[PDB]
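S.K.:
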Amino acid sequence: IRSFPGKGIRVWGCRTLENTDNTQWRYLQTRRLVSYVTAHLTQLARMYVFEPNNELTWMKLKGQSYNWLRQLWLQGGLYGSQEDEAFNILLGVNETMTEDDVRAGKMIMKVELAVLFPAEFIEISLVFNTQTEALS
Amino acid sequence: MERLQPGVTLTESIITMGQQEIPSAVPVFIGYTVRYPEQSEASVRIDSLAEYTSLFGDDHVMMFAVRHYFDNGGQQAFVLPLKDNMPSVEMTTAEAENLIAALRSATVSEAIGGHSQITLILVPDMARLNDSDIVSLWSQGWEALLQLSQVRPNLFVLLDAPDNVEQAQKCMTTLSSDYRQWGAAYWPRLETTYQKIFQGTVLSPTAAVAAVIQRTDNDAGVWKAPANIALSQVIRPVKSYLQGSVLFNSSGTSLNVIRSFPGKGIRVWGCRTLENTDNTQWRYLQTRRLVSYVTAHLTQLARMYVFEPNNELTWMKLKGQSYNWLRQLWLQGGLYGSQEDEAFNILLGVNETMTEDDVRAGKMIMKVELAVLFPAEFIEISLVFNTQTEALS
Amino acid sequence: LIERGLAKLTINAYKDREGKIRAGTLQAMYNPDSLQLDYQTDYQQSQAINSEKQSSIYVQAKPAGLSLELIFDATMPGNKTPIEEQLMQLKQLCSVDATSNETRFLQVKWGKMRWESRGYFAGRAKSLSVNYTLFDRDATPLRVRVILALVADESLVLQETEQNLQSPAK
Amino acid sequence: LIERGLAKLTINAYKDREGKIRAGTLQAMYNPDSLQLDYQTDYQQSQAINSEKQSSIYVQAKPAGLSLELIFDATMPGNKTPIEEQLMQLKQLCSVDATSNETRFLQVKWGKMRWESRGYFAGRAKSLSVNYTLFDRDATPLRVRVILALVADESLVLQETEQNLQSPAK
Amino acid sequence: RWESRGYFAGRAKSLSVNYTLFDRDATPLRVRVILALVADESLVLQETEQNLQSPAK
Amino acid sequence: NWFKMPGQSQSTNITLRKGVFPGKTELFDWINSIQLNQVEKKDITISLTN
Amino acid sequence: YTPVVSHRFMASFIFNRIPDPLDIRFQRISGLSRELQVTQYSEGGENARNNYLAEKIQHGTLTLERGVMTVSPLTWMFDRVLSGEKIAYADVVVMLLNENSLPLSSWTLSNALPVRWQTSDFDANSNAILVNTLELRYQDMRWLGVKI
Amino acid sequence: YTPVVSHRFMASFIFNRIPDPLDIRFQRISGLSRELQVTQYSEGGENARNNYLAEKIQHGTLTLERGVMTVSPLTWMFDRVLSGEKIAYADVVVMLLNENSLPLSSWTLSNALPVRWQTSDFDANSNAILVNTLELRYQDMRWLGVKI
Amino acid sequence: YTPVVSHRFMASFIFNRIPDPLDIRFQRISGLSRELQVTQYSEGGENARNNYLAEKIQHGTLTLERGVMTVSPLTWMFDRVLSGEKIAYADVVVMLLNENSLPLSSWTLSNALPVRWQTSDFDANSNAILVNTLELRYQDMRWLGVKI
Amino acid sequence: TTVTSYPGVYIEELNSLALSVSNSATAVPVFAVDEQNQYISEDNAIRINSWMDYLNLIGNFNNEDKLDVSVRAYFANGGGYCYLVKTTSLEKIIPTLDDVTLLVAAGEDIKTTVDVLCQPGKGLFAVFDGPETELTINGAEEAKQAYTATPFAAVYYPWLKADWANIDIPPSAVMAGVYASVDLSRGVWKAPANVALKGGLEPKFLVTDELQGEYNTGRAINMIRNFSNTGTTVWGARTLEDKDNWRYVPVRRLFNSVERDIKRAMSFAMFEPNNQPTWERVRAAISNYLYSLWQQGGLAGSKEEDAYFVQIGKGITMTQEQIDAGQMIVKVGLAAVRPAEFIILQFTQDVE
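Heads up: the protein sequence lines correspond to chains A, B, C, D, E, F, G, H, I and J, in order.
Be aware that the first sequence starts at 289, since it is given in UniProt numbering, and climbs by one per residue.
Count the second sequence with UniProt numbering and you get residues 15 to 148, 155 to 216, 228 to 424, in order.
Be aware that the third sequence starts at 3, since it is given in UniProt numbering, and climbs by one per residue.
Be aware that the fourth sequence starts at 3, since it is given in UniProt numbering, and climbs by one per residue.
Be aware that the fifth sequence starts at 116, since it is given in UniProt numbering, and climbs by one per residue.
Be aware that the sixth sequence starts at 51, since it is given in UniProt numbering, and climbs by one per residue.
Be aware that the seventh sequence starts at 5, since it is given in UniProt numbering, and climbs by one per residue.
Be aware that the eighth sequence starts at 5, since it is given in UniProt numbering, and climbs by one per residue.
Be aware that the ninth sequence starts at 5, since it is given in UniProt numbering, and climbs by one per residue.
Be aware that the tenth sequence starts at 2, since it is given in UniProt numbering, and climbs by one per residue.
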């Protein structure tokens with residue numbers, strides 16, 4: 289927590305306790321975003337527990353969660369230039385689950401999602417460029 | 015100034031400029047470097063000088079050609095280094111043969127012919143033998165270079181002319197290669213503004240012309256001639272302009288000259304290939320580069336349906352896609368026609384170009400004819416007096 | 003390129019011309035559809051008894067004028083900020099500042115839109131036109147169509163140093 | 003929230019600017035559809051022979067202007083108050099008060115509509131435009147479309163204390 | 116030819132940019148400028164049109 | 051000039067008739083096999099014999 | 005569940021809170037539509053999805069025709085308002101009917117103003133019933149019951 | 005490959021992220037169109053080929069009618085918004101169906117605002133089902149699956 | 005000589021100079037019209053014969069519908085441009101066919117911008133193929149071959 | 002896999018499964034498996050229906066194994082269910098296995114097996130790899146004769162490299178995906194060259210055109226190489242034999258895709274009374290298969306009588322001594338399409 293003159297007392301740093309061996313939950317906002325999309329996909333997946341587990345109720349789950357993750361992506365939340373670069377979900381009977389996991393009564397949804405970086409270091413370079421003025 | 019804590023810490027490392035990626039004009043610099051550290055590839059792509067100096071050493075003649083190429087406006091380039099030793103301050107005749115024998119070698123011919131992105135080649139190290147070389157040694161280097169531009173379709177060679185005027189006229193006449201239209205020679209060596228303003232370093236001219244070939248490709252296309260455009264970091268041609276007025280020959284082989292206009296800068300003056308005009312069609316540099324631009328963009332259309340059934344259907348998909356592209360090049364001011372049947376014509380049928388056995392052998396024969404334009408290098412004023420035809424109102 | 007999200011219009015009011023004191027911000031609910039910038043220059047034509055040469059002299063370059071419209075809403079289920087809160091925030095930018103006895107200096111900016119080589123549009127509000135429609139039966143307005151009209155008042159210490167790089171002394 | 007009922011437009015005429023004497027009220031039959039508030043500020047651009055800096059000074063902030071239309075009716079079976087009674091009540095608010103030799107000060111208010119941080123719109127009537135249509139054959143009018151145009155005249159003891167909370171002495 | 120000149124020599128009297136259709140990065144993708152010029156021609160050109168129209172000799 | 055060309059091929063529906071038999075139920079389980087969009091399409095060969 | 009048929013209906017009128025049970029026989033009734041008016045607002049960089057803003061609700065217009073019959077308190081109401089005497093309101097209760105002549109759902113149409121009244125044309129050449137295409141504009145509609 | 009038929013479909017509604025599985029029986033659904041608006045700009049000496057400039061995308065309007073049934077959470081939603089109580093959004097999932105009642109493709113219609121609601125007319129002279137032509141405006145459409 | 009029939013045709017697309025040979029099966033194609041716009045100028049004492057002044061050429065709009073099939077590189081192109089991702093051009097080659105499946109004449113439609121895309125409506129009451137009425141605006145047309 | 006106790010939602014993570022979509026086609030690659038692999042038993046052929054079913058078998062993915070990077074590049078491109086057979090028992094299991102249309106040398110040497118396995122009577126078309134070292138114009142006679150000259154095999158030289166793998170990726174992995182992705186899209190008769198490679202696959206060695214001019218003649222070696230316009234792509238459609246009957250793989254692969262679908266189209270004729278009404282029921286079961294193949298553009302020609310012919314009958318093709326031996330001899334002919342390998346472009350300068 290730093291004291292800037294003229295600018296107040298400020299929080300300086302958004303880091304979790306972490307030893308970075310290729311870790312993905314390095315910043316505080318990445319851990320809180322990925323736990324925000326678990327706790328709002330469980331609220332969508334709770335709505336049709338005890339449903340017939342056919343091919344119909346997966347397309348109502350693959351459709352409602354794709355429509356919410358795109359709604360989070362179009363708020364500037366998921367680091368993508370197109371929607372197939374930001375996130376992806378898969379639910380099919382030959383993609384995520386086996387034939388026994390349907391018999392056991394479980395759905396397996398595989399949500400992958402990209403996140404953003406917080407811009408904590410800034411590096412100025414200061415190069416001189418009368419080389420390329422190129423005689424008008 | 016705390017460099018590990020989060021904040022704004024300025025660095026000395028130079029990051030790259032946003033490249034524009036001009037596809038049809040990109041050079042190689044094949045020369046001796048001092049470092050040679052790259053161990054993965056054959057010929058590597060550089061973007062800036064500060065990237066080059068970390069990657070190929072410092073203080074050599076090939077660096078000042080790259081440094082002058084990035085000043086005139088070029089933005090991407092390849093460097094294929096020669097693996098031998100860097101020469102002395104002056105080139106001995108025992109060592110100058112070691113360069114031209116390395117230019118005929120397949121070690122540098124496979125790196126150019128395998129990469130298929132380069133559209134023109136150049137040696138900035140040929141002007142290193144301009145002092146104490148001894155005339156035919158220059159022609160032995162040009163015949164090596166023009167042969168090197170035959171390994172694959174789209175290649176051109178910008179090449180240095182000797183500064184001595186008697187040596188230039190002899191190497192123009194006694195060249196005698198059958199591939200002369202792929203080259204172009206720019207005569208005087210430029211005295212750039214790099215040290216050793229008082230004694231500026233004398234430099235090859237072709238490193239600056241490859242940037243203005245790339246610069247006129249960005250805006251006015253390949254069909255525009257690269258002459259009459261200003262050069263950035265040069266003080267003067269080291270030879271006078273009036274001394275080289277015998278280098279241009281309208282009937283023989285003409286050599287491009289670099290002129291100094293007062294108030295208007297140092298300019299390239301002349302867009303001619305090495306050519307002896309016996310009804311030749313590849314006389315100007317822009318005609319050779321336009322017709323090789325429409326081969327290397329019709330092969331990209333004809334590659335898309337190799338291994339297709341070779342019936343009457345897949346010819347009309349080839350006669351339609353190439354007619355639609357050549358018309359798109361004609362409506363940019365590229366092909367000299369008042370109507371589209373005057374500019375170009377293509378034919379593909381089974382009774383027009385190919386025989387019945389060439390379908391059985393599995394080949395298509397497309398016949399593309401195309402007209403080109405002329406560069407307006409001479410202008411003739413007539414000045415006639417015309418109160419004869421005022422005709423009493 | 004990096005991300006995909008809406009940049010929204012923000013109007014920052016400053017008490018001074020240079021941009022040092024801050025008076026408050028206002029982010030737009032929905033962005034304007036169109037932005038119209040109008041420039042104008044006055045030329046007077048020189049009259050002379052002797053000659054008939056057509057030569058018009060330069061008198062003055064009138065400042066730029068940006069004209070944007072906004073809409074504010076509270077009917078929809080997505081938005082819950084009331085329009086009394088936002089229209090009080092907007093009129094406090096087109097307002098006579100009691101510190102300096104003038105109006106405040108606005109800086110409209112959004113995204114990568116350069117307003118002819120400035121990241122912001124520095125200027126003050128020349129007009130403002132609220133058009134309330136569709137009230138609730140509690141008489142809270144649920145739709146408001148503001149039309150802003152600004153005129154360019156740029157800082158002087160910025161314009162002092164553009165003249166020096168264009169025509170230097172040495 | 004608490005209840006569900008129409009808030010209706012009321013115009014209270016005061017004889018003085020501060021709002022202490024009352025001159026009479028008028029509640030609207032049907033509310034206006036739309037309310038248009040128009041602000042305006044005058045800026046003069048400084049001309050100078052030496053420099054070419056674009057800098058427009060501040061001259062005056064013109065007062066606000068509210069423009070609403072009303073309708074009065076007696077055709078329908080629900081309403082029975084005659085329009086001669088209501089148009090006499092409305093013209094007595096846009097009227098030269100014989101006590102103060104000026105017009106009267108109106109305060110338009112309805113519901114939770116803040117007119118940019120005031121619960122009322124204090125100002126006097128600048129125009130008034132009655133458009134009688136659809137008379138009975140007794141020549142009693144049964145439809146009347148008034149267009150009011152007000153201009154803002156706010157109290158001075160309110161505006162004295164907004165300057166002190168914005169720029170205090172200590 | 117702009118009535119016997121290859122160019123239209125003059126200065127800009129007005130200019131009216133009308134931005135429409137921004138990206139959501141707020142980069143504009145369509146702009147409709149309206150230029151209004153007024154003719155300011157050179158004087159050494161107009162000095163010699165009078166001499167060929169009404170010569171001294 | 052009265053040009054005549056044959057155009058579109060017209061549809062074919064054949065009608066083949068059979069008495070019912072006490073155990074054999076063969077034509078019904080073909081008209082019962084159809085759910086919404088597809089049947090198991092077969093091919094018919096008719097041939098005059100010895 | 006299972007849908008209902010559209011040829012059992014009765015419509016009774018309420019003249020100044022006095023019901024009118026003589027006039028329930030009608031040939032057809034227009035079917036009651038209401039619509040929320042919508043202003044589309046396109047904005048800014050969002051040029052890939054629309055954005056619709058709600059507005060006031062626009063109720064339909066109720067037409068209902070019957071064969072011309074003996075004069076009734078319904079006909080004396082339309083003749084009173086369309087001869088310029090009195091502009092009065094009348095509430096309409098339109099209900100579906102069951103098989104046992106019980107109502108399924110009813111629409112109450114408060115303060116319906118009688119707008120127009122049109123008979124069919126006479127013609128000597130064809131045989132048809134003279135009908136009374138009479139059309140009235142309501143200002144609110146309150147659906148009531150089961151099976152809407 | 006081979007085309008599909010257009011008489012197996014179901015449409016389910018999502019009222020505030022709570023699904024509505026009671027209201028999947030519909031007579032017809034309008035078919036989903038979207039259109040890129042185009043401003044043609046003709047210019048200069050190019051008077052032999054057009055030049056079209058893209059603009060915002062204009063989504064269609066989804067109409068869907070059903071026989072009138074017992075009152076349901078779909079009907080309580082339209083009646084709530086078209087009586088001026090609450091302007092609320094509802095997401096629609098329209099899917100094709102296979103022979104085994106599996107979905108081929110589904111269209112998710114995010115934030116669809118219920119615009120209008122119209123019943124068929126009563127008439128004593130003809131026998132037909134009372135239908136509910138109810139039409140709602142969506143602001144985005146995200147196609148999902150195989151066989152679009 | 006003798007005329008040709010209008011029920012053999014194929015249309016192939018060119019996505020960024022990469023041909024698309026999966027999508028040649030179409031139900032119908034709109035037929036290609038172009039029109040020279042004409043300004044009539046009547047003048048002076050010449051009031052017995054018209055005088056037409058030429059103007060720019062106005063090309064038609066190409067509509068083409070197909071049964072809805074498995075998702076293809078054609079469908080991924082329209083979905084990419086009508087979801088606001090990328091405004092890209094696609095060249096269309098529409099050709100007639102002979103009896104031996106040889107092309108008679110072909111129309112190359114350079115830089116055709118995909119404008120709209122509309123499916124047929126679902127309805128439970130009638131049996132028909134779901135079609136994809138998809139319509140795209142081209143900016144030049146270069147007829148090529150024999151028998152135009 | 003987590004055990005389930007309470008009815009609800011479980012938020013358990015599983016990093017980097019590298020998940021691919023399940024695909025359905027008709028091309029079934031027998032994958033040769035090196036003997037040092039542990040999750041295979043010999044004299045057994047396990048079946049892999051999707052990438053999740055292989056990943057269920059091995060547990061977790063590592064880029065060291067020559068098989069693990071092989072089946073990822075297969076399911077990234079074409080998919081379809083594949084049979085993982087160990088090499089030392091591959092000669093017993095492939096004649097056992099039905100649904101075998103192409104035998105993939107994953108990263109192993111099968112040249113001794115294909116000589117006894119691939120026969121004219123069978124229905125296989127093996128594919129194996131070129132050398133993993135660089136080969137030049139000078140070594141064109143040495144590595145060309147390292148393979149046999151059977152017309153039932155194709156060789157792809159440049160081994161692949163990908164960003165997700167460490168060992169080089171053998172090209173018969175991806176070329177079984179390409180054979181299964183092209184047969185679904187363009188049919189069997191189109192050449193499996195001139196198609197892109199998905200999954201981020203890149204060739205190890207750059208190939209020139211003057212290098213490929215020597216490996217296309219005789220015992221041809223097809224090659225993949227990247228171009229400026231599209232990226233990496235397959236650039237060969239020649240089998241090993243250089244006679245005009247079986248020179249191109251689309252000819253050999255169509256005749257192999259015909260026979261596997263004729264012999265299941267008229268498999269009803271087994272143990273039927275061998276007289277004349279069995280024969281015309283056989284010639285009609287073939288003829289409206291070949292007509293349905295004719296209309297899709299699979300055969301060359303313009304009529305149905307230049308396209309194919311089915312001729313059976315007593316004395317036409319079978320003798321009387323062939324009747325009481327229990328033999329029905331059927332003669333069927335086809336006329337497939339040949340691809341256009343070369344396109345030459347003649348550049349006149351003077352337009353008439």
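From the three backbone atoms N, C-alpha and C, an ideal C-beta is built for every residue, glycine too.
List the residues of chain C whose Cβ lies closer than 9 Å to the Cβ of E:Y122, in chain order.
M.R.: As a position in the fifth sequence, residue 122 of chain E is number 7, starting the count at 1. Neighbours of E:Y122 on chain C: none; closest Cβ ~15 Å, over 9 Å.
S.K.: Report yes or no: is there a C-beta of chain A within less than 9 Å of the C-beta of J:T5?
M.R.: Position 4 of the tenth sequence, counting from 1, holds the residue named residue 5 of chain J. Taking Cβ atoms only, chain A reaches closer than 9 Å to J:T5, which makes this a yes.
S.K.: Thinking just about the alpha-carbon of each residue, which of A:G294, A:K394, A:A422 and A:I297 is nearest to the one in A:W346?
M.R.: Mapped onto the first sequence, residue 346 of chain A falls at position 58. Of the candidates A:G294, A:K394, A:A422 and A:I297, the one whose C-alpha sits nearest the C-alpha of A:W346 is A:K394.
S.K.: For H:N115, return the contacting residues in chain I, with the cut-off set at a CB-CB distance below 9 Å.
M.R.: One-based indexing of the eighth sequence puts residue 115 of chain H at position 111. None at all; the shortest Cβ gap to chain I is about 16 Å.
S.K.: Beta carbons nearer than 7 Å to chain D: which residues of the stretch 88-117 of chain G have them?
M.R.: Taking 7 Å as the Cβ-Cβ cut-off against chain D, the residues of the stretch 88-117 of chain G that qualify are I91, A92 and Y93.
S.K.: Taking 8 Å as the threshold, find out whether the stretch 71-79 of chain H comes into contact with the stretch 26-44 of chain H through three or more Cβ pairs.
M.R.: Verdict: yes, contact present.
S.K.: Leaving out five residues before and five after E:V146 in sequence, what residues of the same chain have Cβ atoms less than 8 Å from its Cβ?
M.R.: In the fifth sequence, residue 146 of chain E corresponds to position 31, counting from 1. For E:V146, where only same-chain residues beyond five positions count, the Cβ hits under 8 Å are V132, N133, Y134 and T135.
S.K.: Would you list the one or two residues that DSSP bridges to A:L378?
M.R.: The sequence position of residue 378 of chain A within the first sequence is 90, counting from 1. A:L378 pairs with A:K398.
S.K.: Can you round the beta-carbon distance between B:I297 and B:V265 to whole angstroms, since I take them to be within the 8 Å contact cut?
M.R.: In the second sequence, counting from the first residue as 1, residue 297 of chain B sits at position 266. In the second sequence, counting from the first residue as 1, residue 265 of chain B sits at position 234. The Cβ separation is near 5 Å, so the contact holds.
S.K.: Report all residues from its chain with a CB closer than 6 Å to the CB of J:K162; omit the five preceding and five following residues, and keep chain order.
M.R.: Within the tenth sequence, the letter at position 161 stands for residue 162 of chain J. Around J:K162: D169, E203 and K205.
S.K.: For the alpha helix (DSSP H) containing B:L349, list its first residue and its last residue.
M.R.: As a working mapping, residue 349 of chain B is identified with position 318 in the second sequence. Start and end: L349 to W361.
S.K.: Does DSSP put J:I222 in a helix, a strand or coil?
M.R.: Here residue 222 of chain J refers to the residue found at position 221 of the tenth sequence. Three-state DSSP puts J:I222 in coil, outside helix and strand.
S.K.: Counting only beta-carbon atoms, is D:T77 nearer than 9 Å to chain G?
M.R.: By 1-based counting over the fourth sequence, the position of residue 77 of chain D is 75. Judged by the 9 Å Cβ criterion, D:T77 is in contact with chain G.
S.K.: Determine the direct distance from the alpha carbon of H:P7 to that of H:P107, and round the result to whole angstroms.
M.R.: Here residue 107 of chain H is taken as the residue at index 103 of the eighth sequence, counted from 1. Here residue 7 of chain H is taken as the residue at index 3 of the eighth sequence, counted from 1. Straight-line Cα distance between these residues: approximately 15 Å.
S.K.: Could you tell me the boundaries of the alpha helix (DSSP H) in which D:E162 lies?
M.R.: Residue numbering aside, residue 162 of chain D sits at position 160 when the fourth sequence is read from its first letter. Note, D:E162: alpha helix (DSSP H), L158 to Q168.
S.K.: Using a Cβ cut-off of 9 Å, pull out every chain I residue sitting near B:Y354, in sequence order please.
M.R.: As a first step, residue 354 of chain B must be located in the second sequence, where it is residue number 323. The answer, in chain order, is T112, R146 and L148.
S.K.: Tell me whether J:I138 sits in a helix, a strand or coil according to DSSP, three-state version.
M.R.: Locating residue 138 of chain J in the tenth sequence gives position 137, counting from the first residue. Looking at J:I138 - three-state DSSP - the assignment turns out to be coil, as it is neither helix nor strand.
S.K.: Apart from the five residues just before and just after J:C119, which ones in its own chain have a Cβ nearer than 8 Å to its Cβ?
M.R.: The residue you call residue 119 of chain J lines up with position 118 of the tenth sequence. Contacts found: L104, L125, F126, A127, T151, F153 and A154.
S.K.: Since B:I114 is in the alpha helix (DSSP H), which residue starts that stretch and which ends it?
M.R.: Locating residue 114 of chain B in the second sequence gives position 100, where the first residue counts as 1. Run containing B:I114: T107 to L117, per the alpha helix (DSSP H) assignment.
S.K.: Exposed or buried, H:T123, counting other C-beta atoms within 10 Å across all chains shown (16 or more means buried)?
M.R.: The sequence position of residue 123 of chain H within the eighth sequence is 119, counting from 1. Buried, by the Cβ-count rule.
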